[PDB]
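Visitor: Experimental coordinates for this protein are included below, preceded by the sequence.
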Amino acid sequence: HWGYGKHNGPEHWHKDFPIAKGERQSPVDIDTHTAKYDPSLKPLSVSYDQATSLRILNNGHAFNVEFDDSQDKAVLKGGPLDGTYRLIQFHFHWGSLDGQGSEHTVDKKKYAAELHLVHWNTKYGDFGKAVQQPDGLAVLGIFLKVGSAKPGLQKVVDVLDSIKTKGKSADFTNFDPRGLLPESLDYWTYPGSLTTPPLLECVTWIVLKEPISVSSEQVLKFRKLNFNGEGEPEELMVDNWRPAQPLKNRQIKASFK
Ligand SMILES: CCCCCc1ccc(S(N)(=O)=O)cc1
Ligand SMILES: OC[C@H]1O[C@@H](O)[C@H](O)[C@@H](O)[C@@H]1O
Ligand SMILES: OC[C@H]1O[C@@H](O)[C@H](O)[C@@H](O)[C@@H]1O
Ligand SMILES: OC[C@H]1O[C@H](O)[C@H](O)[C@@H](O)[C@@H]1O
Ligand SMILES: [Zn+2]
C-alpha cells in the first residue's frame, strides 16, 4: 500500500490516486511576498474549550488524536469559512532531522514538523459526506520548530511508547488541544486537498504564520514510532511528509496586512 518510502512514496501515489496530479493539490509552498491580504476574511474563531479527546492511534503513517465529533464541541469558524467545522482529529508530519518534516513550506523553508487539526463542515452531516464536497473540510496547519519545549505537547509525547507500532491505540481522554496553538492566529489560506491518499480536493487550508516551538527531546520521541506492525522489522516513522505540489490556478490569501 501507499507510504513514504522509495517504492511506495509520494512519487508513486498518482497510479492508484490519479488526483495526485490534480488542480488543487496540497501541500504548497507559501510565497510570502505574493500572498495578498484579503479584506473579505472574517475574524477566525478557534473554539476548543469543550473539546473531548478520546483516543490516540498509530495508523501506520502517523498518529491521530481522535475527538468525539458526535456534536458541536471543539469547532473552527470564521476566516475564509462559511459555517461551522467540527474537530475530528489531529496528527503531525515530521522529519528524520530538524531541517525537514513540514508539508507546507514558507518561501521554500521547511520546518521540523507540521500539526494538522482536521475539521469537517457540519452542513454535510458526516465526515464521509464532507469528503464528497469542495468545501467539506478545513485543516488548521501549525508549523513546529525546535527550540524550547511545548508544555501542552508533553502528554502526547509521553503516550507514544504505548502506541509504537501500526494498529496500536491508547485511551487519550481529557487532552486540551488549546495547548498546541501559538499566540497569534495570523494565517494564510488557500483551497487544496488531503496530503495523503486519497488526496481528495475538499480542504480549505488555514496555515498559521507563527510556529510553535517544541524541544529536540519532544520531536526525537516522534521519531521513535514505527511504521511497521508489532513483530515486524523496525521501520522508524520519520519523513512522513508530502513535498510541495504545483500551485496551478490558485492564490494564497493572508489574514494580516
Ligand atoms: C477520506 C479518508 C480519510 C482522510 C483522512 C485524512 C487524511 C489526510 C489529512 S491531512 N494530512 O491533509 O490533514 C486529513 C485527514
Ligand atoms: O481536559 C481537557 C479539556 O476538556 C474540555 O472538555 C474542558 O472543557 C476543558 O476545560 C479541558 O481543559
Ligand atoms: O481583478 C482584480 C482581482 O484579481 C484577483 O486575482 C485578486 O484575488 C483580487 O484581490 C483582485 O482584486
Ligand atoms: O490527556 C491525555 C492523557 O494524558 C496523560 O497520558 C494522562 O495520564 C491520561 O489520563 C490522559 O488521557
Ligand atoms: Zn496531515
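Guide: In hand now; what should we look at? Numbers count the residues shown, from 1 in each chain. Ligands and ions are numbered 1, 2, ... in the order given.

Visitor: List the contacts of residue 195.
Guide: 26, 27, 93, 103, 116, 241, 242 (Cβ atoms under 8 Å, 6 or more residues apart in numbering). C-betas here are computed from N, CA, C, even on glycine.

Visitor: Let's have those residues in CSV, adding secondary structure, distance to ligand 2 and neighbour count.
Guide: Listed next are the contacts of residue 195 as CSV, based on DSSP: H, G, I helix; E, B strand; the rest coil; distance: Cβ to the nearest ligand atom, whole Å; neighbours: other Cβ atoms under 10 Å:
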residue, secondary structure, distance to ligand 2, neighbour count
26, coil, 29, 23
27, coil, 29, 24
93, strand, 24, 26
103, coil, 27, 26
116, strand, 20, 23
241, coil, 28, 25
242, coil, 31, 22
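
Visitor: will you turn the residues you listed into CSV that also has distance to residue 228?
Guide: Converted to CSV, those look like this (distance: Cβ to Cβ, whole Å):
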residue, distance to residue 228
26, 27
27, 25
93, 18
103, 22
116, 23
241, 19
242, 20
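
Visitor: nearest to residue 34, of those?
Guide: Within the contacts of residue 195, proximity to residue 34 (Cβ to Cβ) peaks at residue 27, which comes in at 16.1 Å.

Visitor: which stretches of this structure form helices?
Guide: For the chain, helices defined by DSSP state H occupy the ranges 127-130, 154-159, 216-222.

Visitor: Summarise which helices and strands the last one is packed against.
Guide: Meaning helix 216-222. strand 85-94, strand 137-146, helix 154-159 (3 or more Cβ pairs under 8 Å, 6 or more residues apart in numbering; DSSP states H and E).

Visitor: Out of these, flag the one nearest ligand 4.
Guide: With Cβ to the nearest ligand atom, the closest approach to ligand 4 among the helices and strands packed on helix 216-222 belongs to helix 154-159: 3.8 Å.

Visitor: The closest one near ligand 2 anywhere?
Guide: No: using Cβ under 6 Å from any ligand atom, helix 154-159 stays clear of ligand 2, with a minimum separation of 9.9 Å.
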